[PDB]
$ cat work_33.cif   # mmCIF, N, CA and C atoms
data_my_file
loop_
_atom_site.group_PDB
_atom_site.id
_atom_site.type_symbol
_atom_site.label_atom_id
_atom_site.label_comp_id
_atom_site.auth_asym_id
_atom_site.auth_seq_id
_atom_site.Cartn_x
_atom_site.Cartn_y
_atom_site.Cartn_z
ATOM 1 N N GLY H 15 20.958 -15.148 5.731
ATOM 2 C CA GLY H 15 21.521 -14.454 4.588
ATOM 3 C C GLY H 15 21.453 -12.944 4.706
ATOM 4 N N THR H 16 20.942 -12.298 3.663
ATOM 5 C CA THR H 16 20.826 -10.852 3.600
ATOM 6 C C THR H 16 19.387 -10.472 3.278
ATOM 7 N N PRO H 17 18.919 -9.322 3.766
ATOM 8 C CA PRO H 17 17.544 -8.904 3.457
ATOM 9 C C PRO H 17 17.384 -8.570 1.982
ATOM 10 N N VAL H 18 16.533 -9.341 1.306
ATOM 11 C CA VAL H 18 16.286 -9.125 -0.113
ATOM 12 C C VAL H 18 15.466 -7.856 -0.291
ATOM 13 N N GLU H 19 15.949 -6.956 -1.142
ATOM 14 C CA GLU H 19 15.295 -5.678 -1.377
ATOM 15 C C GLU H 19 14.270 -5.820 -2.494
ATOM 16 N N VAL H 20 13.054 -5.343 -2.239
ATOM 17 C CA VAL H 20 11.964 -5.390 -3.205
ATOM 18 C C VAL H 20 11.396 -3.986 -3.350
ATOM 19 N N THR H 21 11.094 -3.590 -4.583
ATOM 20 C CA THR H 21 10.404 -2.336 -4.866
ATOM 21 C C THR H 21 9.054 -2.684 -5.478
ATOM 22 N N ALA H 22 7.985 -2.518 -4.706
ATOM 23 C CA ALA H 22 6.659 -2.977 -5.097
ATOM 24 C C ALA H 22 5.773 -1.780 -5.405
ATOM 25 N N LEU H 23 5.380 -1.647 -6.669
ATOM 26 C CA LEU H 23 4.380 -0.664 -7.057
ATOM 27 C C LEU H 23 3.013 -1.174 -6.623
ATOM 28 N N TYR H 24 2.299 -0.381 -5.830
ATOM 29 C CA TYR H 24 1.043 -0.841 -5.256
ATOM 30 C C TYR H 24 -0.111 0.058 -5.678
ATOM 31 N N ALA H 25 -1.297 -0.543 -5.774
ATOM 32 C CA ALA H 25 -2.504 0.158 -6.180
ATOM 33 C C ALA H 25 -3.670 -0.310 -5.321
ATOM 34 N N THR H 26 -4.691 0.540 -5.233
ATOM 35 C CA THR H 26 -5.869 0.270 -4.422
ATOM 36 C C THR H 26 -7.112 0.557 -5.253
ATOM 37 N N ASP H 27 -8.132 -0.290 -5.101
ATOM 38 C CA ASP H 27 -9.367 -0.181 -5.871
ATOM 39 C C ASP H 27 -10.225 1.016 -5.471
ATOM 40 N N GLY H 28 -9.757 1.856 -4.552
ATOM 41 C CA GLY H 28 -10.478 3.058 -4.183
ATOM 42 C C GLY H 28 -9.641 4.303 -4.389
ATOM 43 N N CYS H 29 -9.544 5.144 -3.362
ATOM 44 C CA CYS H 29 -8.663 6.307 -3.389
ATOM 45 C C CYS H 29 -7.345 5.912 -2.736
ATOM 46 N N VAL H 30 -6.297 5.776 -3.549
ATOM 47 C CA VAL H 30 -5.036 5.239 -3.047
ATOM 48 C C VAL H 30 -4.354 6.232 -2.111
ATOM 49 N N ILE H 31 -4.415 7.526 -2.433
ATOM 50 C CA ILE H 31 -3.751 8.530 -1.605
ATOM 51 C C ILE H 31 -4.402 8.606 -0.228
ATOM 52 N N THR H 32 -5.737 8.646 -0.190
ATOM 53 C CA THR H 32 -6.438 8.707 1.089
ATOM 54 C C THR H 32 -6.194 7.452 1.915
ATOM 55 N N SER H 33 -6.229 6.282 1.272
ATOM 56 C CA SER H 33 -5.983 5.035 1.988
ATOM 57 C C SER H 33 -4.569 4.993 2.551
ATOM 58 N N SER H 34 -3.582 5.425 1.762
ATOM 59 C CA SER H 34 -2.203 5.443 2.238
ATOM 60 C C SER H 34 -2.026 6.420 3.392
ATOM 61 N N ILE H 35 -2.657 7.593 3.305
ATOM 62 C CA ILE H 35 -2.553 8.576 4.377
ATOM 63 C C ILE H 35 -3.182 8.038 5.657
ATOM 64 N N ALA H 36 -4.344 7.389 5.543
ATOM 65 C CA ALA H 36 -4.975 6.791 6.715
ATOM 66 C C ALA H 36 -4.114 5.675 7.297
ATOM 67 N N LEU H 37 -3.484 4.876 6.434
ATOM 68 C CA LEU H 37 -2.612 3.806 6.907
ATOM 69 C C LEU H 37 -1.401 4.359 7.649
ATOM 70 N N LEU H 38 -0.807 5.440 7.137
ATOM 71 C CA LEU H 38 0.373 6.011 7.780
ATOM 72 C C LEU H 38 0.029 6.684 9.102
ATOM 73 N N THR H 39 -1.173 7.240 9.220
ATOM 74 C CA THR H 39 -1.601 7.939 10.424
ATOM 75 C C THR H 39 -2.273 7.018 11.433
ATOM 76 N N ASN H 40 -2.306 5.713 11.165
ATOM 77 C CA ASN H 40 -2.925 4.714 12.036
ATOM 78 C C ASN H 40 -4.415 4.963 12.237
ATOM 79 N N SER H 41 -5.055 5.654 11.298
ATOM 80 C CA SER H 41 -6.488 5.887 11.383
ATOM 81 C C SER H 41 -7.253 4.585 11.171
ATOM 82 N N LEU H 42 -8.394 4.470 11.850
ATOM 83 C CA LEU H 42 -9.183 3.244 11.784
ATOM 84 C C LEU H 42 -9.902 3.116 10.446
ATOM 85 N N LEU H 43 -10.752 4.087 10.119
ATOM 86 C CA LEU H 43 -11.524 4.037 8.885
ATOM 87 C C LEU H 43 -10.752 4.705 7.754
ATOM 88 N N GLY H 44 -10.724 4.052 6.595
ATOM 89 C CA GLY H 44 -10.057 4.604 5.433
ATOM 90 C C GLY H 44 -9.046 3.668 4.805
ATOM 91 N N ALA H 45 -8.600 2.669 5.561
ATOM 92 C CA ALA H 45 -7.597 1.729 5.084
ATOM 93 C C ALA H 45 -8.254 0.595 4.306
ATOM 94 N N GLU H 46 -7.673 0.268 3.161
ATOM 95 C CA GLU H 46 -8.148 -0.784 2.278
ATOM 96 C C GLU H 46 -6.995 -1.710 1.930
ATOM 97 N N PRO H 47 -7.286 -2.960 1.567
ATOM 98 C CA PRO H 47 -6.217 -3.861 1.124
ATOM 99 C C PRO H 47 -5.525 -3.327 -0.122
ATOM 100 N N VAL H 48 -4.224 -3.589 -0.209
ATOM 101 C CA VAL H 48 -3.387 -3.090 -1.293
ATOM 102 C C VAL H 48 -3.041 -4.242 -2.226
ATOM 103 N N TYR H 49 -3.074 -3.968 -3.526
ATOM 104 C CA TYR H 49 -2.681 -4.929 -4.547
ATOM 105 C C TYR H 49 -1.302 -4.551 -5.070
ATOM 106 N N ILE H 50 -0.353 -5.480 -4.970
ATOM 107 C CA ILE H 50 0.998 -5.266 -5.483
ATOM 108 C C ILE H 50 0.951 -5.539 -6.984
ATOM 109 N N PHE H 51 0.872 -4.473 -7.782
ATOM 110 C CA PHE H 51 0.689 -4.632 -9.221
ATOM 111 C C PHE H 51 1.933 -5.230 -9.868
ATOM 112 N N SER H 52 3.072 -4.555 -9.732
ATOM 113 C CA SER H 52 4.331 -5.030 -10.285
ATOM 114 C C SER H 52 5.430 -4.845 -9.251
ATOM 115 N N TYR H 53 6.473 -5.666 -9.365
ATOM 116 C CA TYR H 53 7.554 -5.653 -8.392
ATOM 117 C C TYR H 53 8.840 -6.128 -9.052
#
$ encode --input "work_33.cif" --output "structure tokens"
Amino acid sequence: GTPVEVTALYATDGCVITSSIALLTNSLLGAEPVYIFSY
């Protein structure tokens, strides 16, 4: 079929900005699991 588009608002139980920055930079320490709050 076609790729279904989803817009997922996500939150983290710690510092979300720092965790996201570490995730984008492929850093080892700093990444935490993400909770998809609403979509």
$ atom_distance --input "work_33.cif" --atom1 "atom N of residue 44 (chain H)" --atom2 "atom C of residue 19 (chain H)"
28.4 Å
$ select_by_dssp --input "work_33.cif" --residues "region 15-50 of chain H" --states "strand (DSSP E)" --output "ChimeraX atom specification"
/H:23-25,49-50
$ axis_aligned_box --input "work_33.cif" --around "region 16-33 of chain H" --padding-each-side "6 Å" --output "AutoDock Vina command-line options"
--center_x 5.2 --center_y -1.8 --center_z -1.6 --size_x 43.4 --size_y 33.0 --size_z 22.8
$ resolve_selection --input "work_33.cif" --expression "the PyMOL selection byres ((chain H and resi 49) around 6)" --output "ChimeraX atom specification"
/H:23-26,47-48,50-51
$ write_last_selection --input "work_33.cif" --atoms "N, CA and C atoms" --output "tab-separated table (two decimals), in the frame of the given file"
chain	number	residue	atom	x	y	z
H	23	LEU	N	5.38	-1.65	-6.67
H	23	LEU	CA	4.38	-0.66	-7.06
H	23	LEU	C	3.01	-1.17	-6.62
H	24	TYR	N	2.30	-0.38	-5.83
H	24	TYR	CA	1.04	-0.84	-5.26
H	24	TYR	C	-0.11	0.06	-5.68
H	25	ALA	N	-1.30	-0.54	-5.77
H	25	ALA	CA	-2.50	0.16	-6.18
H	25	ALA	C	-3.67	-0.31	-5.32
H	26	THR	N	-4.69	0.54	-5.23
H	26	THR	CA	-5.87	0.27	-4.42
H	26	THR	C	-7.11	0.56	-5.25
H	47	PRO	N	-7.29	-2.96	1.57
H	47	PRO	CA	-6.22	-3.86	1.12
H	47	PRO	C	-5.52	-3.33	-0.12
H	48	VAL	N	-4.22	-3.59	-0.21
H	48	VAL	CA	-3.39	-3.09	-1.29
H	48	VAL	C	-3.04	-4.24	-2.23
H	50	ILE	N	-0.35	-5.48	-4.97
H	50	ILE	CA	1.00	-5.27	-5.48
H	50	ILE	C	0.95	-5.54	-6.98
H	51	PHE	N	0.87	-4.47	-7.78
H	51	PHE	CA	0.69	-4.63	-9.22
H	51	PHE	C	1.93	-5.23	-9.87
$ residues_around --input "work_33.cif" --residues "residue 46 (chain H)" --least-positions-apart "2" --cutoff "9 Å" --atoms "only C-alpha atoms" --output "PyMOL selection string"
chain H and resi 26-28+30+33-34+37+43-44+48
$ select_by_dssp --input "work_33.cif" --residues "chain H" --states "alpha helix (DSSP H)" --output "list in words"
residues 30, 31, 32, 33, 34, 35, 36, 37 and 38 of chain H
$ atom_distance --input "work_33.cif" --atom1 "atom N of residue 35 (chain H)" --atom2 "atom N of residue 22 (chain H)"
16.7 Å
$ atom_distance --input "work_33.cif" --atom1 "CA of residue 53 (chain H)" --atom2 "atom C of residue 15 (chain H)"
20.4 Å
